[PDB]
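Visitor: Just passing along the structure, written as structure tokens.
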Amino acid sequence: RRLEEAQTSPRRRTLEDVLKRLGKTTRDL
Amino acid sequence: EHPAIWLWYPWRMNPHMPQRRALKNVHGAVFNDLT
Amino acid sequence: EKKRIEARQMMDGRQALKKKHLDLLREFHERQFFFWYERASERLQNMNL
Amino acid sequence: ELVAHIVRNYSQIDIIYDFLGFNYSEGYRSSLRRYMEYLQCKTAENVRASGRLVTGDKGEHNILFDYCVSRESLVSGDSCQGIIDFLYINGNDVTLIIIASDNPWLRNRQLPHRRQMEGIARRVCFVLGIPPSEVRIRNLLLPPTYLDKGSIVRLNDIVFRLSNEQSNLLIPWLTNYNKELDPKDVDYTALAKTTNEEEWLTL
Amino acid sequence: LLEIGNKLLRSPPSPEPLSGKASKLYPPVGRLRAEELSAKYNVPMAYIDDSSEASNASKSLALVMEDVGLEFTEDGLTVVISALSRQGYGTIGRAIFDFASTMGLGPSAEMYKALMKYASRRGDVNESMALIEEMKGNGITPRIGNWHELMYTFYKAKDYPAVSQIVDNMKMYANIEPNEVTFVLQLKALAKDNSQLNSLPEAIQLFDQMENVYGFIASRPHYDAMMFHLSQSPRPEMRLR
Amino acid sequence: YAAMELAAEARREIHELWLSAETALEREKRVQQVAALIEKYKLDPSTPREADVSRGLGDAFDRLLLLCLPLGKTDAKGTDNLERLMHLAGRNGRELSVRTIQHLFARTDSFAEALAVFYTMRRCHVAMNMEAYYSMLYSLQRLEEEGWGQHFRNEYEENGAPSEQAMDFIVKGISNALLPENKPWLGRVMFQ
Amino acid sequence: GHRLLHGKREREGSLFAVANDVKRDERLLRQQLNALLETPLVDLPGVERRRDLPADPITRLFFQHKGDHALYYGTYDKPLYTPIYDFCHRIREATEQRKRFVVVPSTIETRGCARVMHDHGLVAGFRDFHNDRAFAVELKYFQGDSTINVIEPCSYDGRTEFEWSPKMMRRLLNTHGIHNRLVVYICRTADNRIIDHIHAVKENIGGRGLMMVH
Amino acid sequence: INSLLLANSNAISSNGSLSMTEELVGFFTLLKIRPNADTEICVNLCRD
């Protein structure tokens, strides 16, 4: 019952996000 | 300085040694017990 | 199969025990070498004469 | 229909399936890591995860670190005493979770030494600035291919400091997760009894 | 002695220094901590007084032990534990045993035998074997006295062949030669063993060997054990013997 | 005849100096105070004859050797202080005890300081036991471990969480060493 | 790379501390190295792992579990002429000399056969029975005379071995037209467990013959 | 020690420490060994 009720009741992929995930900026390039 | 000790039945103290025995036995098994 | 696997594992455990005992012997030989150094070193001192 | 319902409802049926000892390909180590990280995420409130290291807050010292894989790491012809699977520090306490290897001649090299435990505690104190007074390590042993219900409840009790009712509230299926130690292996039962009955090595 | 032991069991004393004065449970009896004193001078914490509650209790126990006529040491604690265990006060005996063992008067194999005497009178093989395993776990090699106490545990438990098995197993694996008391117990068990058909010939040969091969000279207990066995056989040769 | 009483007086002065430098907070006062004795009693190896009080310093010699150790910074040519006493010991053929070596290397604070002491001992021909050698190497091992632990703690506050290298150092420890802790069986033959 | 271990010595692991002698004993040296390699251990016989412990509770009581200190146990050493032949010869000589203890080699067959002699009541006991090199047999006498009258191997020469069939075991049980529980014949079965002819005939099996004793 | 100092300089990401640079300088000060022009180069790179 708990499992059934808990099943019932409940970005951008650009260049900048990739570069910042990698920890580098366009200027340092 | 230190706490008082209130009883020293003396014979109790009458009764490393394994270290020497083991090392001497090892030396004997290495050299002194060989053809 | 079980018996043969146990035999193989026992052999490997024996190898490990040999490793430990060899490491233990190395110390004894190191200490024995030390006695030789003292005795040998002194005998050479007298050779200077 | 039944498998669709299973996948929809039991989001960690894979963890249950691997815990029961069904997975012969990889065992239960990865599922155990996922379960432990899941409980860490629900026990902390700002959790950052990485490949092998998951951290909570900088004050509560809630860190999980999967050191290596004991089964593959252990070579059978070497003499080394410390090989652990996971390392979890909760506040001021430290625990080493090791999945006991199926080889009785390697379980003994798997269980770390007292002085190595002391060194681990000392390094933890140096790195995280926790005083040496209240640093205490517990060594934890687990069955090789599955988990026991007793093993899981103890893992929750010491690693996460949550009781039985708290555990069953947090994860619904633990209530009736019924597993026992296979009687065919007495060596593990004795070794785990001793290790889990040990006291907190405190320095 | 039972009073002090019951106090120890019900409310164990504290090891904190300057504690025996503030407490009315263990009132006083008319910088190099005690721990390192005992560590470096091999002086048990019982023999050093830091005005602690445990030291107070130890003084009281030593007073009682000397009053009753024995001495405060391993030897006297063995006697005290044996006396308590022969009157069914097993819990009090164990309390005193643990208190002394923690206070520094070690757990000798003879102290373990004095502790086993309680299960010996009762006949509790499980408890006696548990005590043997406690010795083995604490690293005390069980001795001939402990083996006699296990033997007598089985004897009072009415498992007579267990006594013979214990003696044989002790000889072969524990590598301790049989004692005269060993023969006394083993003849006593053979006197009432029925597991086999050969109790009487086995006892006859055992007596003959313990006299001839072992060199021992039979005493009153040996004679009594042999004659009690020989008396229950209506066979004229055994009556003559 | 005066050499004997002078050796006794130097021994008593070293006794009282060991107490004086019992809370030696400032490093400068201690190092120069111990340096003063060297010239005042002319302990330099240039005095082989009876005038040397080193041969008469039966036990206070070790205390004097240990007193001049902490040289963390502002050496002012400090290492020569240790080197002179070490040369005296080497020429006298005095064998340093394991306890003396352990206490000496205990008073060090940094891995480089301990390394400098070790190389001073190797430059001079001083004698000791294999036990003392193993204790010395264990001291260097612990010094390295503490230094790396300090570095990782330093980094921990900036990064807010321990690094993967931080935890892997917590588990592994210092890398290859002549007395590892994953091999606790080795060292028993030497240590007693 | 991987190098294989050829002999039993290499497989069991052996330091070969001595210079070139490959067949040097090494048992003592390994024993004392392991001993100083440690005191929660008692001088009772050790077993390398728990599941090897005896089934009988009283024997489990005497046995203790030790990880690798269960090896190299023993005090005595090993004193052509296969071990059963030599065992019979030594016991016969000691019995004729009216001695008390006979140090005799400890192999699977010799040790099982000595246990069977104990069960049938020909030896008073043993010492150092858990040794894997040699163990002492405590011989038993009755009124100046020795319990063992004759003891001889199945291979009267040191060379030829035999294989007793169940018909052979029944032959022995009914030897010379009597029912024969008096002289005891020992046989090692196909399961490497040593039994006397009474049990072999009861179980309808035979085995390799070891000796006879009475 | 020049190679160790260059290791420190190139190890800005892999356990880079100015205190460890100070330790390597202490090696030169205390071990009684003449510094070098390449030592100057490496101390400059570590400083940068």
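In the structure tokens, chains take letters A, B, ... by order of appearance, with residues numbered from 1 within each chain and ligands from 1 in the order shown.
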So which residues touch residue 4 (chain G) within 12 Å, counting only C-alpha atoms, skipping near sequence neighbours fewer than 4 positions away, as a PDB file with N, CA, C and O atoms, in the first residue's frame?
Guide:
ATOM      1  N   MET C  11      46.829 -23.921  -1.188  1.00  0.00           N
ATOM      2  CA  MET C  11      48.155 -23.683  -1.750  1.00  0.00           C
ATOM      3  C   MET C  11      48.470 -22.192  -1.790  1.00  0.00           C
ATOM      4  O   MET C  11      49.571 -21.765  -1.409  1.00  0.00           O
ATOM      5  N   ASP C  12      47.512 -21.378  -2.236  1.00  0.00           N
ATOM      6  CA  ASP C  12      47.766 -19.938  -2.295  1.00  0.00           C
ATOM      7  C   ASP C  12      48.000 -19.351  -0.904  1.00  0.00           C
ATOM      8  O   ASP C  12      48.883 -18.499  -0.716  1.00  0.00           O
ATOM      9  N   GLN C  15      51.451 -19.943   0.063  1.00  0.00           N
ATOM     10  CA  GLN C  15      52.355 -18.981  -0.565  1.00  0.00           C
ATOM     11  C   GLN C  15      52.392 -17.675   0.220  1.00  0.00           C
ATOM     12  O   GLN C  15      53.466 -17.101   0.444  1.00  0.00           O
TER      13      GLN C  15
ATOM     14  N   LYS G   8      55.997 -31.027  -3.661  1.00  0.00           N
ATOM     15  CA  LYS G   8      55.177 -30.768  -2.488  1.00  0.00           C
ATOM     16  C   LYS G   8      55.771 -29.676  -1.619  1.00  0.00           C
ATOM     17  O   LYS G   8      55.020 -28.908  -1.018  1.00  0.00           O
ATOM     18  N   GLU G  10      57.547 -26.946  -2.557  1.00  0.00           N
ATOM     19  CA  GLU G  10      57.175 -25.666  -3.146  1.00  0.00           C
ATOM     20  C   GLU G  10      55.682 -25.403  -3.035  1.00  0.00           C
ATOM     21  O   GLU G  10      55.280 -24.287  -2.692  1.00  0.00           O
ATOM     22  N   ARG G  11      54.845 -26.408  -3.309  1.00  0.00           N
ATOM     23  CA  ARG G  11      53.406 -26.205  -3.224  1.00  0.00           C
ATOM     24  C   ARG G  11      52.963 -25.828  -1.818  1.00  0.00           C
ATOM     25  O   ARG G  11      52.185 -24.883  -1.652  1.00  0.00           O
TER      26      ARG G  11
END
Visitor: Can you list, as a PyMOL selection string, every residue of region 1-164 of chain F that DSSP puts in strand (DSSP E or B)?
Guide: chain F and resi 95-96+127-128
Visitor: Since we have the selection now, will you write its residues out, keeping C-alpha atoms, as a PDB file, in the first residue's frame?
Guide:
ATOM      1  CA  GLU F  95      77.079   4.094  20.469  1.00  0.00           C
ATOM      2  CA  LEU F  96      73.737   5.895  20.571  1.00  0.00           C
ATOM      3  CA  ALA F 127      77.379   4.129  15.717  1.00  0.00           C
ATOM      4  CA  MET F 128      73.999   2.736  16.731  1.00  0.00           C
TER       5      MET F 128
END
Visitor: Quick check: residues of chain G within 7 Å of chain C, only C-alpha atoms, returned as a list in words.
Guide: residues 11, 12, 13, 14, 15 and 33 of chain G
Visitor: Got a sec: who's within 10 Å of residue 120 (chain G), counting only C-alpha atoms, leaving out chain neighbours fewer than 6 positions off, as a PyMOL selection string?
Guide: chain G and resi 114+181-184+196+214
Visitor: List every residue of chain B that has an atom at most 9 Å from any atom of chain C, and for each one report the closest atom pair and its distance in Å to one decimal, counting only C-alpha atoms, with rows sorted by chain and then by increasing residue number, as CSV.
Guide:
residue,atom,partner,partner_atom,distance
B:23,CA,C:28,CA,8.2
B:26,CA,C:28,CA,8.7
B:27,CA,C:28,CA,8.6
